């Protein structure tokens, strides 16, 4: 059955609380999350505090991560830790030894990679004795650093990205398997949607233990089709099913690791229903690892330079009370506690090259022919899945997935995306 969790934004001080955590408030924060019926949280230490020198990891920062995990467990939550932030809510947190006079690419500078390796090992080893420590993600949407849009871009080609993922995941993959924990990585949706982007779809769907997707309908979907359109309400289920096309394993779990109802496209009055119906569509996709809502506690209004909608994403308001979206999410957990999605047997076909990479990612981005073909089949009640053209010509893969019907469409780029 699906797991239900929340991305943990500390009340009152946000991630600025890591300098001097208020453990009694954090204990209360985590207790509130558990009261929703959530079974896990995802937490975010800051790279700048963890590793202020390339060869010195701050022991107090590690002990603070340990204490937050410990409090998560005492609240009855499994705790997932993102190692490298890196990036959170429009802000970059990059240690001084990788900035300006020391500027470097985290993806290709060998000394930086060895530092990220040491940090990954230090986080795992710090937490490894804890019953509540459930697994690690390399870091939140690290691919945003290498995208051509980034104003201080860290360069990398696709081969170097694959090596970066393999290096860091390979440090802990064996331990995670024998310990019963998970190792994953996380990209924003440029990996699915942006042609020329150095993170490739198959990286998300084949590397690490589960696929992560982050579903944000401010990516042009809500603006182009309407915030409460089938395209918008189904966007998270679309990412789940799209991602499986690029998976070698036919029942690999897909983790909707971040999803929210962004107020820059969805009116606040629609956000509870956006939450309920988005989770309804996700729950009708097989093999969903879980849904992790963004986020637990609203950002205090005294903090500046956030995009305004980021402040409202919290399930709990600044005074600690449960919002209407929080109620919807609580109710969605109860609704889908034991939901089992039936197999999906009609697949749309993604044309790919001989390496299994899309001929045109823009066609599966919002506004694209493949995006809309899936959305139309979904609106017609046909419950589509997604396959590549390579797999379409392999009956063993089709049989293992139960696919009996194939729908094909031409490649047409969308222009609604970002």
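Residue numbers count along the first chain shown, from 1.
Would you mind comparing 299-307 and 89-97 for me and telling me which has the higher average C-alpha temperature factor in the entry?
-> Between 89-97 and 299-307, it is 299-307 that shows the higher mean C-alpha B-factor.
As stated in the PDB record, which stretch has the larger average Cα B-factor, 206-214 or 340-348?
-> The entry gives the higher C-alpha B-factor average to 340-348.
Candidate set 390, 63, 49, 43 [ranked by C-alpha B-factor, highest] = Top of the list by C-alpha B-factor: 390.
Which listed residue, 79, 154, 265, 169, has the largest C-alpha temperature factor in the record?
-> If I rank 79, 154, 265, 169 by C-alpha B-factor, first place goes to 265.
Lowest, middle or highest third: where is residue 410 by Cα B-factor in its chain?
-> It falls in the middle third of the chain.
Name the third of the chain's ranked CA B-factors that contains residue 321, choosing lowest, middle or highest.
-> Within its chain, residue 321 is a highest-third residue by C-alpha B-factor, going by the deposited values.
By its CA B factor, does residue 255 count among the lowest, middle or highest third of the modelled residues in the chain?
-> Tercile = lowest for this residue's CA B-factor.
Which third of the chain does residue 125 land in by C-alpha B-factor: lowest, middle or highest?
-> Answer is middle: the recorded C-alpha B-factor places it there.
Of the three thirds of its chain by CA temperature factor, lowest, middle or highest, which one includes residue 10?
-> Its C-alpha B-factor, which the entry lists for residue 10, ranks in the lowest third among residues of this chain.
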